[PDB]
>>> print(open('structure_22.cif').read())   # mmCIF, C-alpha atoms and all ligand atoms
data_upload
loop_
_atom_site.label_atom_id
_atom_site.label_comp_id
_atom_site.auth_asym_id
_atom_site.auth_seq_id
_atom_site.Cartn_x
_atom_site.Cartn_y
_atom_site.Cartn_z
CA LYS B 2 -11.89 11.21 25.30
CA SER B 3 -10.11 12.99 22.45
CA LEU B 4 -6.59 11.99 21.41
CA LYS B 5 -5.46 15.55 20.67
CA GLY B 6 -2.13 16.38 22.28
CA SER B 7 -1.74 12.88 23.73
CA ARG B 8 1.35 10.74 23.19
CA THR B 9 -1.02 8.01 22.01
CA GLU B 10 -2.10 10.25 19.13
CA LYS B 11 1.48 10.46 17.89
CA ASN B 12 2.00 6.75 18.57
CA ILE B 13 -0.99 5.88 16.38
CA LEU B 14 0.30 8.01 13.52
CA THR B 15 3.78 6.55 13.97
CA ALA B 16 2.34 3.03 13.79
CA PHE B 17 0.35 4.06 10.73
CA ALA B 18 3.49 5.42 9.05
CA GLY B 19 5.37 2.22 9.81
CA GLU B 20 2.58 -0.11 8.73
CA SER B 21 2.25 1.92 5.52
CA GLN B 22 5.92 1.48 4.65
CA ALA B 23 5.75 -2.21 5.55
CA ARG B 24 2.90 -2.67 3.07
CA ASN B 25 5.10 -1.27 0.27
CA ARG B 26 8.20 -3.21 1.34
CA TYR B 27 6.28 -6.50 1.49
CA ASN B 28 4.74 -5.99 -1.94
CA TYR B 29 8.22 -5.32 -3.33
CA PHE B 30 9.63 -8.42 -1.64
CA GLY B 31 6.67 -10.30 -3.06
CA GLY B 32 7.70 -9.29 -6.56
CA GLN B 33 11.28 -10.34 -5.88
CA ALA B 34 10.13 -13.75 -4.60
CA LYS B 35 8.31 -14.24 -7.91
CA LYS B 36 11.53 -13.46 -9.78
CA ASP B 37 13.43 -15.84 -7.49
CA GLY B 38 10.97 -18.63 -8.32
CA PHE B 39 9.08 -18.83 -5.01
CA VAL B 40 5.37 -18.41 -5.81
CA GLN B 41 3.96 -19.46 -2.43
CA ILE B 42 6.34 -17.10 -0.66
CA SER B 43 5.49 -14.35 -3.14
CA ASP B 44 1.78 -14.75 -2.39
CA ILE B 45 2.52 -14.81 1.35
CA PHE B 46 4.37 -11.48 1.07
CA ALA B 47 1.43 -10.01 -0.85
CA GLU B 48 -1.08 -11.30 1.71
CA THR B 49 0.99 -9.88 4.56
CA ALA B 50 1.11 -6.53 2.73
CA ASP B 51 -2.68 -6.53 2.47
CA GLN B 52 -2.98 -7.33 6.17
CA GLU B 53 -0.62 -4.45 7.01
CA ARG B 54 -3.01 -2.26 4.98
CA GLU B 55 -5.74 -3.39 7.38
CA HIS B 56 -3.74 -2.74 10.58
CA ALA B 57 -3.03 0.73 9.17
CA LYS B 58 -6.73 1.25 8.37
CA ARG B 59 -7.84 0.43 11.91
CA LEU B 60 -5.18 2.80 13.26
CA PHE B 61 -6.01 5.54 10.75
CA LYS B 62 -9.69 5.52 11.69
CA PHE B 63 -8.83 6.46 15.29
CA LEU B 64 -7.28 9.78 14.27
CA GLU B 65 -9.21 13.04 14.54
CA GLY B 66 -7.66 15.04 11.71
CA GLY B 67 -5.06 17.75 11.23
CA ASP B 68 -1.35 17.51 10.42
CA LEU B 69 0.86 15.92 13.04
CA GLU B 70 4.66 15.82 13.23
CA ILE B 71 6.32 12.54 14.13
CA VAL B 72 9.88 11.45 14.89
CA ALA B 73 10.78 7.84 14.12
CA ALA B 74 13.29 5.60 12.38
CA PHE B 75 12.47 3.34 9.44
CA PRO B 76 14.37 0.91 7.18
CA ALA B 77 16.04 2.94 4.42
CA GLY B 78 15.96 0.13 1.88
CA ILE B 79 16.60 -2.42 0.66
CA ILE B 80 15.44 -5.09 -1.78
CA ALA B 81 17.75 -8.12 -1.74
CA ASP B 82 17.36 -11.85 -2.46
CA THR B 83 14.25 -13.52 -1.02
CA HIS B 84 16.07 -15.19 1.89
CA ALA B 85 17.48 -11.84 2.98
CA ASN B 86 14.10 -10.14 2.51
CA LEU B 87 12.41 -12.77 4.70
CA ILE B 88 15.05 -12.25 7.39
CA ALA B 89 14.70 -8.46 7.28
CA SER B 90 10.91 -8.71 7.35
CA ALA B 91 11.00 -11.01 10.37
CA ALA B 92 13.33 -8.61 12.18
CA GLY B 93 10.90 -5.77 11.52
CA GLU B 94 7.93 -7.78 12.77
CA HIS B 95 9.94 -8.77 15.86
CA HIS B 96 10.59 -5.14 16.77
CA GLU B 97 6.91 -4.29 16.30
CA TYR B 98 5.47 -7.02 18.52
CA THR B 99 8.22 -7.05 21.14
CA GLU B 100 8.96 -3.35 21.53
CA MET B 101 6.70 -0.92 19.66
CA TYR B 102 3.16 -2.24 20.12
CA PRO B 103 3.60 -3.28 23.75
CA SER B 104 4.99 0.21 24.46
CA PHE B 105 2.13 1.88 22.59
CA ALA B 106 -0.44 -0.30 24.37
CA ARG B 107 1.21 0.51 27.70
CA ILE B 108 1.15 4.25 27.08
CA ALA B 109 -2.41 4.08 25.75
CA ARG B 110 -3.61 2.43 28.96
CA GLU B 111 -1.67 5.05 30.94
CA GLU B 112 -3.37 7.96 29.19
CA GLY B 113 -6.78 6.31 29.50
CA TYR B 114 -7.32 4.95 25.98
CA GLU B 115 -8.36 1.40 26.81
CA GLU B 116 -9.92 0.43 23.47
CA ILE B 117 -6.87 1.67 21.57
CA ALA B 118 -4.45 -0.03 23.95
CA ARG B 119 -6.25 -3.33 23.37
CA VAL B 120 -6.09 -2.80 19.60
CA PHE B 121 -2.32 -2.26 19.83
CA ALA B 122 -2.02 -5.49 21.81
CA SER B 123 -4.17 -7.37 19.30
CA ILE B 124 -2.16 -6.13 16.32
CA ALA B 125 0.98 -7.39 18.08
CA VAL B 126 -0.47 -10.91 17.99
CA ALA B 127 -0.89 -10.74 14.21
CA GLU B 128 2.67 -9.45 13.83
CA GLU B 129 4.08 -12.39 15.78
CA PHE B 130 2.50 -14.91 13.42
CA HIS B 131 3.69 -12.80 10.49
CA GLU B 132 7.21 -13.20 11.87
CA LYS B 133 6.77 -16.94 12.37
CA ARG B 134 5.74 -17.35 8.75
CA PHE B 135 8.71 -15.33 7.48
CA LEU B 136 11.19 -17.16 9.71
CA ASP B 137 9.80 -20.55 8.66
CA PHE B 138 10.20 -19.74 4.96
CA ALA B 139 13.69 -18.33 5.48
CA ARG B 140 14.55 -21.62 7.20
CA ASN B 141 13.08 -23.66 4.34
CA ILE B 142 15.27 -21.74 1.90
CA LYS B 143 18.38 -22.08 4.05
CA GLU B 144 17.83 -25.82 4.49
CA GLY B 145 16.95 -26.31 0.82
CA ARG B 146 13.54 -27.71 1.71
CA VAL B 147 11.28 -25.33 -0.22
CA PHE B 148 10.61 -27.91 -2.94
CA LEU B 149 12.14 -31.05 -1.45
CA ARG B 150 11.52 -33.06 1.72
CA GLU B 151 12.92 -36.33 3.08
CA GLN B 152 9.62 -38.23 3.12
CA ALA B 153 7.04 -38.61 0.37
CA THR B 154 4.27 -36.05 0.72
CA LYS B 155 1.72 -34.16 -1.38
CA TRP B 156 2.59 -31.04 -3.37
CA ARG B 157 -0.09 -28.77 -4.84
CA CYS B 158 0.37 -26.58 -7.91
CA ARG B 159 -0.85 -23.09 -6.97
CA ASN B 160 -1.46 -22.31 -10.63
CA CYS B 161 -3.90 -25.12 -11.49
CA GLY B 162 -4.41 -27.23 -8.37
CA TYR B 163 -2.64 -30.35 -9.61
CA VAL B 164 -1.51 -32.57 -6.73
CA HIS B 165 1.84 -34.35 -6.97
CA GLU B 166 2.79 -37.16 -4.59
CA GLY B 167 6.49 -37.58 -3.90
CA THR B 168 9.50 -36.36 -1.93
CA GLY B 169 9.71 -33.23 -4.05
CA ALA B 170 7.78 -30.93 -6.36
CA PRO B 171 8.16 -31.71 -10.10
CA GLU B 172 10.26 -29.57 -12.45
CA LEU B 173 7.09 -28.81 -14.43
CA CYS B 174 3.42 -29.28 -13.54
CA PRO B 175 2.08 -32.20 -15.58
CA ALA B 176 -1.30 -30.49 -15.88
CA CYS B 177 -0.55 -26.81 -16.59
CA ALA B 178 3.13 -27.05 -17.56
CA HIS B 179 4.14 -24.26 -15.19
CA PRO B 180 7.50 -24.51 -13.38
CA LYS B 181 8.28 -26.01 -9.99
CA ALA B 182 8.14 -22.47 -8.58
CA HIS B 183 4.34 -22.75 -8.38
CA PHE B 184 4.29 -25.73 -6.01
CA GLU B 185 3.58 -25.72 -2.27
CA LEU B 186 3.01 -28.42 0.32
CA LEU B 187 -0.64 -29.44 0.11
CA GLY B 188 -2.39 -27.74 3.01
CA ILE B 189 -5.75 -28.40 4.65
CA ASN B 190 -7.04 -25.79 7.11
CA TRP B 191 -10.74 -26.62 7.39
CA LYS R 2 28.37 8.93 -4.77
CA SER R 3 26.79 7.38 -1.67
CA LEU R 4 23.76 8.99 -0.01
CA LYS R 5 24.89 8.19 3.53
CA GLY R 6 24.70 11.19 5.84
CA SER R 7 23.28 13.43 3.11
CA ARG R 8 20.09 15.45 3.52
CA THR R 9 18.91 13.85 0.29
CA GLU R 10 19.04 10.44 1.97
CA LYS R 11 16.59 11.61 4.62
CA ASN R 12 14.51 13.41 2.00
CA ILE R 13 14.15 10.19 0.01
CA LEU R 14 13.02 8.25 3.07
CA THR R 15 10.65 11.08 4.02
CA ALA R 16 9.14 11.00 0.52
CA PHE R 17 8.89 7.22 0.77
CA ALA R 18 7.09 7.50 4.12
CA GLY R 19 4.66 10.05 2.70
CA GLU R 20 4.01 8.15 -0.52
CA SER R 21 3.42 5.01 1.55
CA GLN R 22 0.77 6.68 3.68
CA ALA R 23 -0.82 8.23 0.59
CA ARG R 24 -1.19 4.76 -0.93
CA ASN R 25 -3.18 3.61 2.12
CA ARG R 26 -5.26 6.80 2.32
CA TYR R 27 -6.19 6.62 -1.37
CA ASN R 28 -7.21 2.97 -1.13
CA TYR R 29 -9.42 3.85 1.83
CA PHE R 30 -10.97 6.79 -0.02
CA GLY R 31 -11.48 4.43 -2.94
CA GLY R 32 -13.54 2.15 -0.73
CA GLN R 33 -15.57 5.10 0.53
CA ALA R 34 -16.26 6.26 -3.04
CA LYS R 35 -17.67 2.80 -3.76
CA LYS R 36 -19.99 3.13 -0.76
CA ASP R 37 -20.97 6.63 -1.90
CA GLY R 38 -21.93 5.25 -5.33
CA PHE R 39 -19.05 6.65 -7.41
CA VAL R 40 -17.41 3.70 -9.20
CA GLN R 41 -15.25 5.66 -11.64
CA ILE R 42 -13.95 7.81 -8.81
CA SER R 43 -13.38 4.72 -6.69
CA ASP R 44 -11.29 3.15 -9.45
CA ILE R 45 -9.39 6.42 -9.90
CA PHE R 46 -8.49 6.45 -6.20
CA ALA R 47 -7.29 2.85 -6.46
CA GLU R 48 -5.22 3.60 -9.56
CA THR R 49 -3.65 6.62 -7.89
CA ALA R 50 -2.82 4.44 -4.87
CA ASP R 51 -1.07 1.95 -7.14
CA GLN R 52 0.88 4.76 -8.78
CA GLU R 53 1.94 6.07 -5.36
CA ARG R 54 3.22 2.52 -4.71
CA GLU R 55 5.40 2.97 -7.81
CA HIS R 56 6.75 6.42 -6.82
CA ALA R 57 7.62 4.88 -3.45
CA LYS R 58 9.31 1.91 -5.15
CA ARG R 59 11.56 4.12 -7.28
CA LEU R 60 12.48 6.11 -4.17
CA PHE R 61 13.01 3.01 -2.04
CA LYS R 62 15.44 1.50 -4.53
CA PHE R 63 17.79 4.48 -4.13
CA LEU R 64 18.38 3.78 -0.44
CA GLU R 65 21.49 1.96 0.77
CA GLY R 66 20.17 0.24 3.88
CA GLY R 67 20.20 0.75 7.63
CA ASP R 68 17.68 2.43 9.92
CA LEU R 69 17.22 6.16 9.48
CA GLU R 70 15.35 8.62 11.71
CA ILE R 71 13.09 11.17 10.04
CA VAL R 72 11.10 14.17 11.24
CA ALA R 73 7.99 15.08 9.26
CA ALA R 74 4.29 15.87 9.53
CA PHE R 75 1.53 13.76 8.00
CA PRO R 76 -2.29 13.84 7.87
CA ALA R 77 -3.60 12.25 11.07
CA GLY R 78 -6.83 11.02 9.49
CA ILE R 79 -9.45 11.16 8.25
CA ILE R 80 -11.98 9.32 6.10
CA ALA R 81 -14.95 11.54 5.23
CA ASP R 82 -17.45 11.74 2.35
CA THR R 83 -16.00 11.38 -1.16
CA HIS R 84 -16.14 15.11 -1.97
CA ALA R 85 -14.15 15.90 1.17
CA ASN R 86 -11.70 13.07 0.47
CA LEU R 87 -11.09 14.38 -3.06
CA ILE R 88 -10.45 17.86 -1.66
CA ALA R 89 -8.06 16.57 1.01
CA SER R 90 -6.25 14.40 -1.55
CA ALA R 91 -5.82 17.33 -3.92
CA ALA R 92 -4.44 19.47 -1.10
CA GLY R 93 -1.90 16.77 -0.31
CA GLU R 94 -0.84 16.44 -3.94
CA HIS R 95 -0.55 20.24 -4.16
CA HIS R 96 1.88 20.37 -1.24
CA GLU R 97 3.96 17.57 -2.76
CA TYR R 98 4.41 19.08 -6.22
CA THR R 99 4.61 22.73 -5.16
CA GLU R 100 6.71 22.50 -2.00
CA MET R 101 8.17 19.08 -1.13
CA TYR R 102 9.44 17.64 -4.41
CA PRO R 103 10.83 20.91 -5.77
CA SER R 104 12.67 21.36 -2.45
CA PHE R 105 13.98 17.80 -2.52
CA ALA R 106 15.05 18.15 -6.16
CA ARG R 107 16.76 21.44 -5.31
CA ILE R 108 18.68 19.96 -2.38
CA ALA R 109 19.55 16.86 -4.40
CA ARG R 110 21.14 18.98 -7.13
CA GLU R 111 22.95 20.95 -4.42
CA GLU R 112 24.50 17.84 -2.87
CA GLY R 113 25.41 16.45 -6.28
CA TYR R 114 22.70 13.84 -6.82
CA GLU R 115 21.59 14.76 -10.33
CA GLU R 116 19.74 11.56 -11.24
CA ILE R 117 17.77 11.64 -7.99
CA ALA R 118 16.99 15.35 -8.33
CA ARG R 119 15.54 14.68 -11.78
CA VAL R 120 13.46 11.81 -10.41
CA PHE R 121 12.02 14.12 -7.74
CA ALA R 122 11.15 16.64 -10.45
CA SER R 123 9.55 13.93 -12.60
CA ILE R 124 7.45 12.58 -9.74
CA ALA R 125 6.18 16.13 -9.16
CA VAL R 126 4.73 16.11 -12.68
CA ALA R 127 2.72 12.97 -11.94
CA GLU R 128 1.47 14.50 -8.68
CA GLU R 129 0.18 17.58 -10.48
CA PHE R 130 -2.00 15.52 -12.80
CA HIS R 131 -3.13 13.48 -9.79
CA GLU R 132 -4.31 16.75 -8.25
CA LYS R 133 -6.04 17.84 -11.46
CA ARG R 134 -7.99 14.60 -11.56
CA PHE R 135 -9.06 14.91 -7.91
CA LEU R 136 -10.04 18.56 -8.28
CA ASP R 137 -12.03 17.82 -11.44
CA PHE R 138 -14.03 15.07 -9.73
CA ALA R 139 -14.61 17.20 -6.63
CA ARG R 140 -15.98 19.88 -8.98
CA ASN R 141 -18.23 17.37 -10.75
CA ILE R 142 -19.68 16.36 -7.39
CA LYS R 143 -20.13 19.94 -6.24
CA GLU R 144 -21.85 20.92 -9.49
CA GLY R 145 -23.95 17.75 -9.55
CA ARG R 146 -22.52 16.73 -12.91
CA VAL R 147 -21.14 13.29 -12.06
CA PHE R 148 -24.03 11.51 -13.79
CA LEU R 149 -25.79 14.38 -15.55
CA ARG R 150 -24.73 16.92 -18.18
CA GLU R 151 -26.58 19.64 -20.10
CA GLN R 152 -26.03 18.18 -23.57
CA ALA R 153 -26.66 14.65 -24.81
CA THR R 154 -23.49 12.57 -24.66
CA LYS R 155 -22.35 8.96 -24.33
CA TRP R 156 -22.14 7.17 -20.98
CA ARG R 157 -20.31 3.85 -20.58
CA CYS R 158 -21.11 1.24 -17.94
CA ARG R 159 -17.81 0.30 -16.29
CA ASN R 160 -19.29 -3.03 -15.22
CA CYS R 161 -20.28 -4.42 -18.64
CA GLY R 162 -19.38 -1.82 -21.27
CA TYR R 163 -22.92 -0.87 -22.23
CA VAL R 164 -23.05 2.56 -23.88
CA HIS R 165 -25.98 4.87 -23.10
CA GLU R 166 -26.68 7.97 -25.18
CA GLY R 167 -28.38 10.84 -23.37
CA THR R 168 -27.95 13.82 -21.07
CA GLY R 169 -27.48 11.53 -18.09
CA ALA R 170 -26.54 8.02 -17.01
CA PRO R 171 -29.50 5.65 -16.49
CA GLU R 172 -30.72 4.58 -13.04
CA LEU R 173 -29.88 0.98 -13.96
CA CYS R 174 -27.76 -0.45 -16.78
CA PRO R 175 -30.10 -2.03 -19.34
CA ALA R 176 -27.54 -4.75 -20.06
CA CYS R 177 -26.14 -5.79 -16.66
CA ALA R 178 -28.74 -4.23 -14.35
CA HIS R 179 -26.11 -2.57 -12.18
CA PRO R 180 -26.84 0.89 -10.71
CA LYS R 181 -26.05 4.30 -12.15
CA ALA R 182 -22.97 4.35 -9.90
CA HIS R 183 -21.10 2.28 -12.50
CA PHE R 184 -21.42 4.81 -15.33
CA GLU R 185 -18.75 7.20 -16.62
CA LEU R 186 -18.49 9.51 -19.61
CA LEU R 187 -17.39 7.41 -22.58
CA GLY R 188 -13.69 8.10 -23.05
CA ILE R 189 -11.38 7.47 -25.99
CA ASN R 190 -7.64 7.86 -25.40
CA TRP R 191 -6.10 6.06 -28.37
FE FE C 1 2.99 -4.33 11.02
FE FE C 2 3.16 -7.63 10.21
FE FE C 3 2.67 11.23 -3.98
FE FE C 4 0.08 11.60 -6.17
ZN ZN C 5 -0.30 -26.81 -12.49
ZN ZN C 6 -23.75 -2.55 -17.46
#
>>> encode(input="structure_22.cif", output="structure tokens", more="lines below")
Ligand SMILES: [Fe+3]
Ligand SMILES: [Fe+3]
Ligand SMILES: [Fe+3]
Ligand SMILES: [Fe+3]
Ligand SMILES: [Zn+2]
Ligand SMILES: [Zn+2]
Amino acid sequence: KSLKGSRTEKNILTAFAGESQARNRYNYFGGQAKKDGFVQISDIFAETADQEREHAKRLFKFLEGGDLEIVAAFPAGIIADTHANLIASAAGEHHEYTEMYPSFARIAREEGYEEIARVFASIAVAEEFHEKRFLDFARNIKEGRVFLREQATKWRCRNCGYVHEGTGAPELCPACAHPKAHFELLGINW
Amino acid sequence: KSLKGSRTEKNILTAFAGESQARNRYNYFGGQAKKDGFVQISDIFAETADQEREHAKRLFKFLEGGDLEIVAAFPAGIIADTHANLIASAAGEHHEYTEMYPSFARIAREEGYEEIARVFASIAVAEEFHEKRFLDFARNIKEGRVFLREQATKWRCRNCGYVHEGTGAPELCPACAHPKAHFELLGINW
């Protein structure tokens, strides 16, 4: 069934508008993280931005055309330090997966748009992990554990792949000479 | 002076919301142009998307924080063939530089935000050239002149830089073997 005139139609566009702004905000926060010396976090912001582009794309492809008026609130700014940006990003994700998407999914099911309702629910899952990632990094910054841990571990240079073993990432990579900012905890997800 | 409570504050966020959606739409149209076999046009859509990201960034940095409600209409879809996408993109740019930005600049000046008004006016200039580019490519497609002209000229392969001299781009690049889709008119802007 068509979406024309349905509340779901406006909800999809509203989600698209929000996801679109989130993509820009995350890319900006990614640039700020770079300036603040947090390369892994910067790349995480950029990856999240690209994933928001994909949520938006799925939503956009459901629309049938024409201009549609929407009424919604969005974050008017701002770009602060990385810790603050991570906190603000997490808060935005929280609202999306706890309030917005469940509401949109609910209304979709009500109006008879099952496929779309399920897509809203699925996107909410992605947003929750996005929040987890942001909250975890904010915590690392607050606890001063971004580049230092209590026990010896392995740190990988994102720039060249050098692996450093120790309680903390080195001031400079011994292989590529790039600063500590490029190091992350060595991760294996395969 | 602060922007809080001013119409300009809402106009900036509205512009940001629109520029944000345009970035996504242009990236999607860029992907469709690739599928349609128009590499130069695809790269132009991607470049325009990146520039929209920059208009949005300038606008975003003027905001002072907090959640703000906005009321505006946006294109609910859609992704069609490249010619149609170029036409729809041009129409959107036209509205922005003829109606929206001049109005926002006008109101900014009225409320006493000179710097911001001038930024709105400046962005409008960029949008007009964006439209010109889109309209020119739509015309090339309509006239069947994307890869063929009446007089012998030079065609450059965007993939490897090979330069072909003739009335039209070759079916396959003789250097890198990529399809005609990668060719553009050789351009010199320096
Ligand atoms: Fe999102
Ligand atoms: Fe998200
Ligand atoms: Fe624009
Ligand atoms: Fe534009
Ligand atoms: Zn290194
Ligand atoms: Zn070639």
>>> residues_around(input="structure_22.cif", residues="segment 144-161 of chain R", least_positions_apart="5", cutoff="8 Å", atoms="all atoms listed in the file", output="PyMOL selection string")
chain R and resi 40-41+138+166-170+174+176-177+179+181+183-187
>>> closest_residue(input="structure_22.cif", among="B:117, B:189, B:122, B:45", to="residue 63 of chain B", atoms="only C-alpha atoms")
B:117
>>> closest_residue(input="structure_22.cif", among="R:57, R:4, R:49, R:172", to="residue 26 of chain B", atoms="all atoms listed in the file")
R:57
>>> residues_near_ligand(input="structure_22.cif", ligand="ligand FE 4 (chain C)", cutoff="9 Å", atoms="all atoms listed in the file", output="ChimeraX atom specification")
/R:20,23-24,49-50,52-53,56,90-91,93-95,97-98,124-125,127-132
>>> residues_around(input="structure_22.cif", residues="residue 33 of chain B", least_positions_apart="6", cutoff="12 Å", atoms="only C-alpha atoms", output="ChimeraX atom specification")
/B:26-27,39-40,42-44,46-47,79-87
>>> interface_residues(input="structure_22.cif", of="chain B", to="chain R", cutoff="9 Å", atoms="all atoms listed in the file", output="PyMOL selection string")
chain B and resi 10-11+13-14+17-26+29+54+57-58+61-80
>>> atom_distance(input="structure_22.cif", atom1="atom CA of residue 182 of chain B", atom2="atom CA of residue 140 of chain B")
17.1 Å
>>> atom_distance(input="structure_22.cif", atom1="atom CA of residue 136 of chain R", atom2="atom CA of residue 88 of chain R")
6.7 Å
>>> closest_residue(input="structure_22.cif", among="B:100, B:113, B:180, B:188", to="ligand ZN 5 (chain C)", atoms="all atoms listed in the file")
B:180
>>> atom_distance(input="structure_22.cif", atom1="atom CA of residue 190 of chain B", atom2="atom CA of residue 34 of chain B")
24.0 Å
>>> closest_residue(input="structure_22.cif", among="R:137, R:51, R:116, R:111", to="ligand FE 3 (chain C)", atoms="only C-alpha atoms and all ligand atoms")
R:51
>>> axis_aligned_box(input="structure_22.cif", around="segment 46-65 of chain R", padding_each_side="5 Å", output="JSON")
{"center_x": 6.5, "center_y": 4.1, "center_z": -4.4, "size_x": 40.0, "size_y": 15.1, "size_z": 20.3}
>>> closest_residue(input="structure_22.cif", among="R:119, R:5, R:96, R:143", to="ligand FE 3 (chain C)", atoms="all atoms listed in the file")
R:96
